[PDB]
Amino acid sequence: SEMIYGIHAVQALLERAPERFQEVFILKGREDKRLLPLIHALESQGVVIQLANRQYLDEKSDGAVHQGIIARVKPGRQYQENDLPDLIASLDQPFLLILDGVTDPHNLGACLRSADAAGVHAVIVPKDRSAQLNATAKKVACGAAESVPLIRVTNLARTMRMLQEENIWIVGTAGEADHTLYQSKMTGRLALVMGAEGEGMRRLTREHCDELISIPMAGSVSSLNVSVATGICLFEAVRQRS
């Protein structure tokens, strides 16, 4: 049993895994047009709602910015490297995001938020030397933690080959690319790879890519933050995929 607080986590679950709802706790006495459009959905879902004072919610959350809402939820299905091939098989047209070198919990959250926004089916990351999904990541993820699975993998190159033996085209961003993000084809079976802000993808990672793209800069000094680069690339795909 897991405890979630916040409207962004209560809702990401209503949109994605409403079946994970067991019992809801909301402030007994304080109307908010920020909750009814949720309270009703919960009622429609057949989720048992429960009346509780403010103390009942100040304790069972460790003084969090619950905004008046907390629920009892069944832990979310955590995908391991092993069950990736099945996840992919259940996908009509895989749209994946691979992060090589994201060590900062905050960036992991931002990338997760954007992947969700983009409709990415899963975020794949190097099990070793990569940030962890802690309180802060989830927080910056704005609920994305609950929607987009994050699969931690032993060897990136091995997993990439698996994806390629499964017809998923791998396109990675890199300065030493010959064409730009806009001269790429981001339709079909796809996996987008972003590397750390300074070092980029590790040499091995970029060699396991079918293609390499670069984001065009207007300034030989102009650079881009990682979570913004991820977004720009992901939505260029969203654009071509619509």
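Residue numbers here begin at 1 and follow the sequence given.
- 29 to 37 and 211 to 219 differ in mean CA B-factor, and the higher of the two is recorded for 29 to 37.
- Higher mean CA B-factor, judged across 185 to 193 and 65 to 73 from the recorded values: 65 to 73.
- Annotation for residue 55: C-alpha temperature factor in the highest third relative to the rest of the modelled chain, per the entry.
- In this PDB entry, residue 240 carries a Cα temperature factor that places it within the lowest third of its chain's modelled residues.
- Among all modelled residues in this chain, the alpha-carbon of residue 128 has a temperature factor (C-alpha) in the highest third.
- The entry lists a Cα temperature factor for residue 154 that places it in the middle third of the chain's modelled residues.
- Sort the chain's modelled residues by C-alpha temperature factor and residue 136 lands in the middle third, per the entry.
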